[PDB]
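Quick heads-up: it's one chain on its own, the form solved without ligand GIF, in structure tokens.
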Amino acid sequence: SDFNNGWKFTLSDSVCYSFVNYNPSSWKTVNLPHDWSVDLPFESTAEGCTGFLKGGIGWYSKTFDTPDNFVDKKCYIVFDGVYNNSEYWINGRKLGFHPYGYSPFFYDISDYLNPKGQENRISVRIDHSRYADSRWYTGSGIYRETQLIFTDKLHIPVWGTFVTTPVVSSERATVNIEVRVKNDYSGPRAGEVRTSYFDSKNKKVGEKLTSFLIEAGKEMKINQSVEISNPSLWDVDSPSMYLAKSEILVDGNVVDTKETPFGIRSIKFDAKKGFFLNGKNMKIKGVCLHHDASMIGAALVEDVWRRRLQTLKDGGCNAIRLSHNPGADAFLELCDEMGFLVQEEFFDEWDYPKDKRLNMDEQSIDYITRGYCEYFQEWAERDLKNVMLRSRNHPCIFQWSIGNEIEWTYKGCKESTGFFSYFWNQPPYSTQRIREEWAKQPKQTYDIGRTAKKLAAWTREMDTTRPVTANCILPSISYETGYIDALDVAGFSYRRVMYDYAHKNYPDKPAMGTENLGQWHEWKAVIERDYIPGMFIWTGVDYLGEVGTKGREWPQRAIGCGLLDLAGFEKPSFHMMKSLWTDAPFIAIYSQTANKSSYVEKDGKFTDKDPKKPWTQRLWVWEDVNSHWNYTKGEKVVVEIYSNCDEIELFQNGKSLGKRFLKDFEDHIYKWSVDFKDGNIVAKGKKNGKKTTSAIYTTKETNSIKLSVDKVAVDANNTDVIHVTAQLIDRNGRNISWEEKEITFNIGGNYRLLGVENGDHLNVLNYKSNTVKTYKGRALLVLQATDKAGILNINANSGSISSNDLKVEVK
């Protein structure tokens, strides 16, 4: 835990940094996890696919003494992730090179260590000079937590257990564990593996003891099976966790221990009926999450994600797709605790590169976009298996995904359909015709089907208890290459129109939405079909990058497709999804000028403005709708409600505007023509009896800054964070969202600025400033505690505008 503290770092290269006699004292001290690229300003001379932030070549360093009892023992240094092309040294000796940015790995450093009490030094060189080597923002550095593990020479390896539960019922659960035991002694050894099982409230619920005899140098696999009675099942509403404590015994003495958290749960994908979790037919209400926040970047700070996931959770989301790479262990541990089903991805591309600046097949070749494709042939198996070795015990995981939108990169695929000679239509070619066009294409060095088979084979060597999936952008062809035949569940990417086609032509293959637009028409298609068990919205939260393209130039730093923004504040699209996914009565009120709106009332009924852009084809980014009620007097306005209520009556200033029914609105958006005047809009709604009310009030000028805080007390553990929300209010404390202000925060006491954020995807801002422009009347400040305990006094200004005062105790 504390091994992650007190590292050194410099953004500069020199060969002599690896030598035994080099001292890095004049480098900057840092705590891991660290992403250096968010200490650099957004530069216009950088690339937009990686969010206009540079990389470069940075080094790390870490000093640690050999323990006073390092005799007949092993020492392993474990990294969860380093982005990327990293080289490792210890005490002047080269440990290795690790190309991929997202796989975990480790090094046996036991023989390299200096005698008891003396100083060892580790060095890491990180080459992110290819700073456009991704379609999204990556970060740069040791961006996830590390471990230094000391064990006995008779020990369980790192990731040395695998807990499975093949039979799960409410009376009993069969809980198996495989324990690997490595004998690094010079001669044979005898012992016992004792695995004890502990429930949520620390009561012992099972034990198994098995003898063994392992020869010198070798590894042995010990299978054990127990029966847990009346188990607490892991579910998204009730995420119960057990603890498996495996102990190596010589005589009756504990030589080594590993603790494996696990959860008891059955999962099943039926092709006719949908998906089943503990025998409940539930829809998957998923969202795609990139690994970056905004101000912290790729750095895995658990409290920053906890808040983001808590907001997604309360919006009715029960699943997360880690797009498009392996996630952090700390993030998986969070999904276990909070209750999310997790699809873990391995790769974004296989044998051939995607275009980093554009998308699809790569067009140009230059240095800064050279990605993992250089290493895939030699490294894919190691990376895939390490990911699975690290993550296969987490109960949250329920799908291994081998690829995202891979069809673009192999010649013949797109042209074997009839589309490109596709979003809203089915292939013009028949099943046999597509198959026949595929025979006629020129043979390349690599085949999508053959590589799909190898990856799926490797995946199943490590785990058969979870389905192999993939995100297929062209199902039609992938149904006939052997790519889909490799998978247990075929994920579709933006192919709602292909749901009936899968069910018509390939009915025994479970199929699902794995990347989808955040709209009702996508969800409509899922709930109308029992055989389509859910969808994953692109995206759950806004992410840096995928900009610098035609209509998304500097200074835009994110697309803005996310349900949440770069802060984690709720957007209109989040509320629309909340209305589709939650059960409690819900009403969110928005509006635009009748001119700026997408909708038109002609003779009562509402329709879409452009018939060539109807509600059935709405894409990723939601319209910039207003939540305020501060228009200019008399302006013609279109009010729109997102809601699960069957009846809503609307009231302007107390005068009724009339009841409207959800049955009428084909696009699932309530709509009212209104003539503006000051006062208030109030919506009252009923859902199968149960009532609810919401309202938007006209305000006066900006009078004050309202500061909210999420926690009024945290620990002095160098990791806990404070989230300070700033909001503009009028004289009577009504919230302002129609004018912006440059706000300056002031903080007394010992703290670390993580940064400031407003959630504007269209503009850049300095994260490490104490000043930030508000967006729709609000901003966010993120602080992190440090070593020092004390009190924090937080206030803010905008020149003449003042704020309430907040106090937070750091215990």
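Residue numbers run from 1 along the displayed sequence.
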item: Chain break class at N202/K203 - deposited residues not modelled; value: none
item: 86 to 94 versus 717 to 725 - greater average Cα B-factor per the deposited record; value: 717 to 725
item: Which of 288 to 296 and 369 to 377 has higher mean CA B factor, as the PDB entry lists it; value: 288 to 296
item: Selection from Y501, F661, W424, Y100 [criterion: highest C-alpha temperature factor in the record]; value: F661
item: Out of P395, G327, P166, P611, highest CA B-factor residue; value: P611
item: Relative C-alpha B-factor of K268, binned into the chain's lowest, middle or highest third; value: middle
item: Within-chain third of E333 by Cα B-factor, per the entry; value: middle
item: Position of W554 among the chain's modelled residues by C-alpha B-factor, lowest, middle or highest third; value: highest
item: Among modelled residues of the same chain, the CA temperature factor third for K54; value: highest
item: Relative C-alpha B-factor of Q444, binned into the chain's lowest, middle or highest third; value: middle
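In what follows, reference is made to the form deposited with ligand GIF bound, a form of this protein that is not presented.
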item: Candidate stretches 536 to 544, 438 to 446, 695 to 703, 677 to 685 - the one whose heavy atoms come within 4.5 Å of ligand GIF in the deposited bound form; value: 536 to 544
item: Check all three, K74, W159 and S246, heavy atom within 4.5 Å of ligand GIF in the deposited bound form; value: no
item: Partner contact for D720 in the deposited bound form: ligand GIF, 4.5 angstroms, heavy atom; value: no
item: Contact test in the deposited bound form: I559 vs ligand GIF, heavy atoms, 4.5 Å; value: yes
item: Heavy atom of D336 within 4.5 Å of ligand GIF in the deposited bound form; value: no
item: 4.5 Å heavy atom contact, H324 and ligand GIF in the deposited bound form; value: yes
item: Partner-contacting position among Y88, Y494, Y590, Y631 - heavy atom within 4.5 Å of ligand GIF in the deposited bound form; value: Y494
item: Contact residue in the deposited bound form, from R660, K414, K208, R135 (heavy atom within 4.5 Å of ligand GIF); value: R135
